[PDB]
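Counting starts at 1 for both ligands and their atoms, following the listed order. Residue numbers begin at 1 in each chain, while the letters A, B, ... track the order of the sequences. All values below come from the heavy atoms of this structure, side chains included, with hydrogens, waters and symmetry mates left out.
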Amino acid sequence: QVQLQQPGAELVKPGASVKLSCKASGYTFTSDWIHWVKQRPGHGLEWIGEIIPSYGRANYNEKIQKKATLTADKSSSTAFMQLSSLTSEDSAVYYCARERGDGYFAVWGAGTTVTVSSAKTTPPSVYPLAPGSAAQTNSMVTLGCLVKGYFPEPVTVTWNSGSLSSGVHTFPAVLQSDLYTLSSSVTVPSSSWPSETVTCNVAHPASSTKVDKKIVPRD
Amino acid sequence: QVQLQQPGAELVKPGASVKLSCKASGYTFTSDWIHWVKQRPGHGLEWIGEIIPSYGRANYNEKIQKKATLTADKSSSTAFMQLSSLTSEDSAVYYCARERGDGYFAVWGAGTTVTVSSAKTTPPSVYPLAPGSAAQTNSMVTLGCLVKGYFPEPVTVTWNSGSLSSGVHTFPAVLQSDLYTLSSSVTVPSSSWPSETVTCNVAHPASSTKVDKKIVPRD
Amino acid sequence: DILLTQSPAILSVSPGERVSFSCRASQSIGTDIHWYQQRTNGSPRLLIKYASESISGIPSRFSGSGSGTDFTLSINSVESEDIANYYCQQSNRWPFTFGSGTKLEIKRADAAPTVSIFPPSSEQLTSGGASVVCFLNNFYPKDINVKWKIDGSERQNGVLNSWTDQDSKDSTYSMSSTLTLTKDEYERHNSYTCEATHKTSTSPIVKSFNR
Amino acid sequence: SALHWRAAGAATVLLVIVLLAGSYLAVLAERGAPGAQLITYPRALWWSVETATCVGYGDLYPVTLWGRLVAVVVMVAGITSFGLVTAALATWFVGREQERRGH
Ligand SMILES: CCCCCCCCCO
């Protein structure tokens, strides 16, 4: 079971602050340290700081401007990171990781995508992508779903509630006028559709919305 | 007397495995380590691993893909190296060496030539090389023997059972259509032949054959 | 602070070949180096700890070596699932630090793209909008050009493209091209066509549909 | 069981406790100090033992005030503990010799 649970996203206005959480499960030792790593789009892993919950002591990366404050709650086994007075430079995925006091990060959280912007949250509109009438099919058929007009990132697209993983491409989003848009592609044996159902599940953590969209032949 | 005895060759089919041996004689101490070194044609010495027979512990080179497994037999004073699932990349001479636990290889084995190929073993045909009738001789005469059509390498060519070492050249083999061929040259005072016999001894370890061939004047 | 240099930043290899990633520390750190694998949009994953110790759950083709200042992460016979970014990290001295990372690329066989064009949905039209989507799937090399044509004439306005990173499933790439215009302009046109020009063919692969 | 043997045992258990707490506390004190190497528990425990025995190879040592204070406690606990074993051995020999002398 997931050892470290982090919220998917957080929208923050420039100047404002946010408190990210990291709920841990599994084995817990007094020698455990919870670390936080920052990763900006396209860049590498940058260490932010660490904290030892059993004692409450926290250390921070001295090479970068201090934006975080780490605390921990032993009773709820949760570690927190307060990011304050953010700017677009603080927009990135923030991972929490657990180290058993022996130097390596044995487990990482899924990460929370933080977006620092003035724009407003906007859930995505999900439209189906079924072949046209004159489209000739082969031994395989390609279907998809359009995820348009959302903010901020990200969205998680699955097929048939995750049971359909092979033959799936979810293209990187494209930003235009404070709104993102992407499409996801799925390919299955032409003989299996529409006999066997195909549905895309779109989760947009920033707005707590998860919508489904069944792909049916055009007619 | 030879401290480390290794078989001359081993033919192995790609994918198959082979168990090389190294029988040691002479002084043996609980502090002895038997090492294995790999040397591909034209290349240098590459350390494979080591083992301490007195305890049975073995260590291996971490920089290369693990192909070996070292074991030892204290009663028969023999060290073994199991090479498994070989490819042409594993074709090379494999030496065993003894270290007294003080860091240097005081003694090395003659080495086992391992060839990984699908071809079949083939003993060599040995033909004599005596001067033509119109060949004018000087104070020295040159004789030889042709070692044709064998596989795999190597072959060891000696003259007069090894008693004739000076004036001998054994050319590197040449590969053509899954078969090797080489010639060995010997030069002796023209006055000594054919009065004093000259014979070439050809050993082909891969097929357990050792044949002789006396060189007599053409007539 | 210990600087970890990972060079080259990108490594290209053919399927099945052995590959090695380099990590050089600015000072000696014994064997306190650890390696992580990060796939596209995934979180980092521990591969090797303390330079050469294997982790359970990690394929056997993964191994590490070295000590001092130079370390190596090796993959014996690389396959598509290995496509990702690889990072080293040190724990010898405070603070822990990470290397810049090396990307693994696999040079597979050339593959023509699978083109699929999609008309806008009935649901979308209802909102006064129309997006025509086209997929150029699973091709290799990554270089490819897409051209739109409306009623026989090339169209460029309203087109937005997106390219995936090399696919960890088959080492191919895919790209999407989306033409977006009001329901109005969409309604005053008949045929929409998407054409893909790829190294795999002199002639373009074309897919169209009439409204 | 005579006093000295009891104190020896107690000294031993106490040393073990000091080693474990010392290892834990050294890491806590040293993390946060750029350049510190006494920052993971396994080697910290080893550092604590070679400190308690006063061997001090120099492969690991504290660079901070509190790490050093923790080190002093470990050193003193080790010296005291082993010193106490020596005193117990002396008492044992003194007792045996007094008997052998018929006193
Ligand atoms: C002997 C008491 C040791 C206490 C160590 C506390 C370390 C705090 C570091 O900031």
Side-chain angles (χ1 to χ4, degrees), chain A residues 22 28-37 47-62 64 66-73 75 79-82 96-105, chain C residues 1-2 32 90-97, chain D residues 7 10-56 58-84:
Chain A
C22 167
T28 48
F29 305 117
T30 184
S31 52
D32 291 340
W33 293 73
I34 296 304
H35 296 247
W36 291 82
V37 171
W47 190 71
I48 304 176
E50 71 197 325
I51 183 170
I52 178 170
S54 73
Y55 199 84
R57 165 86 173 193
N59 305 306
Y60 306 83
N61 189 329
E62 314 182 330
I64 63 174
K66 184 178 180 177
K67 241 72 179 58
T69 292
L70 309 180
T71 59
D73 185 291
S75 54
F80 307 76
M81 176 171 79
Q82 185 68 55
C96 58
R98 169 195 277 157
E99 177 231 356
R100 301 294 183 184
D102 45 14
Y104 58 84
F105 304 123
Chain C
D1 294 38
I2 303 184
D32 301 331
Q90 71 81 32
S91 62
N92 184 73
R93 291 182 189 267
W94 198 88
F96 291 170
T97 48
Chain D
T12 296
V13 184
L14 214 53
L15 182 59
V16 172
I17 295 177
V18 169
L19 296 175
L20 299 173
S23 299
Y24 176 86
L25 290 166
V27 172
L28 188 69
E30 301 286 300
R31 283 201 184 190
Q37 295 186 296
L38 192 56
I39 62 185
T40 44
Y41 305 111
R43 66 192 59 192
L45 186 50
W46 158 246
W47 162 79
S48 73
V49 176
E50 58 162 311
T51 294
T53 56
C54 296
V55 176
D59 54 337
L60 297 164
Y61 48 79
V63 292
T64 70
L65 169 61
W66 288 98
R68 286 166 171 178
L69 283 179
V70 162
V72 172
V73 173
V74 178
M75 295 172 190
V76 172
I79 292 176
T80 293
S81 290
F82 290 106
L84 189 142

Run the side chain to side chain donor-acceptor pair (under 3.5 Å) test on D/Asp59 and D/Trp47 for me, step by step, so that the C-alpha distance in whole Å, both residues' side-chain angles and the decisive distance to 0.1 Å come before the verdict. CA-CA 8 Å; D/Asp59 54 337; D/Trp47 162 79; over 6 Å; no
Not counting sequence neighbours, which residues clear salt bridge (charged side-chain N to carboxylate O under 4.0 Å, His left out) with D/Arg43? List them please. C/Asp32
List for me each residue that meets ring-ring contact (aromatic ring centres under 6.0 Å, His included) alongside A/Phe105, sequence neighbours excluded, and say none if there are none. A/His35, A/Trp108, C/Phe98
Check each N or O atom of ligand 1 against all protein N or O atoms and list the pairs under 3.5 Å, with atom names and distances to 0.1 Å, one per line.
unit_1	atom_1	unit_2	atom_2	d
ligand 1	10 (O)	A/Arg57	NH1	2.7

Taking the ring of C/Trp94 and the ring of A/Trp47, is the distance between their centroids below 6.0 Å? yes
Shortest non-hydrogen separation from D/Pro34 to C/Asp1 and the atoms involved: CB-OD1, 4.2 Å
Which pairs with one or both residues in residues 23-39 of chain D pass side chain to side chain donor-acceptor pair (under 3.5 Å), sequence neighbours excluded? A/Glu50-D/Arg31, A/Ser54-D/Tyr24, A/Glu99-D/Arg31, D/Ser23-D/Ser48, D/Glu30-D/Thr64
